[PDB]
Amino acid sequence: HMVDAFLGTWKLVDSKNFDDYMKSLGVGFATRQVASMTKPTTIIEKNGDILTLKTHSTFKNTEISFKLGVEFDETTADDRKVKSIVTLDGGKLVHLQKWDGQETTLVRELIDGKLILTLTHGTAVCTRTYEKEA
């Protein structure tokens, strides 16, 4: 399964344009100040057809579980209540969130052994680079 290469624990080492991405979502200044300065850990697990993606940080934790291709309800780290779907498109794990007539896509792919997360909302595009910890 293509998901096997994503499994494990990943730690943020680099970020580009995250503040702009949060601004585009309406995250307030005080939260952006802290969120831009944290280095989250993302844990990706799979048991049968169910994938679980956990994001851990010193001040906020999220967890979602899903089957690929099946829409699910998600409450995001910034408290948006969204409709989500995740597909594995070739080698790219593509997570689409929809709410209030808006969308944002979170694409994860493996480049040179690192996990690259690209977040797009409107024209705000952010790249988050994660190194494999375990």
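Here the rigid core means the biggest group of C-alpha atoms that line up within 1.5 Å when the two forms are laid on top of each other. One-based numbering along the sequence shown.
Between 84-92 and 97-105, the larger root mean square Cα shift in 8 other deposited structures of this protein, once each structure is superposed on the rigid core, falls on 84-92. For 70-78 versus 55-63, the mean Cα distance to the shown form in 8 other deposited structures of this protein after rigid core alignment is larger for 55-63. Of the two stretches examined, 71-79 and 41-49, the record assigns the greater average C-alpha temperature factor to 71-79. Between 10-18 and 120-128, it is 120-128 that carries the larger average Cα temperature factor according to the deposited entry. The maximum CA B-factor among the listed residues 106, 86, 64, 34, taken from the PDB record, is found at 34.
Residue 110: CA B factor lies in the lowest third for its chain, per the PDB record. Split the chain's modelled residues into thirds by C-alpha temperature factor. Residue 98 is in the highest one. When the modelled residues of the chain are ordered by C-alpha B-factor, residue 134 sits in the lowest third.
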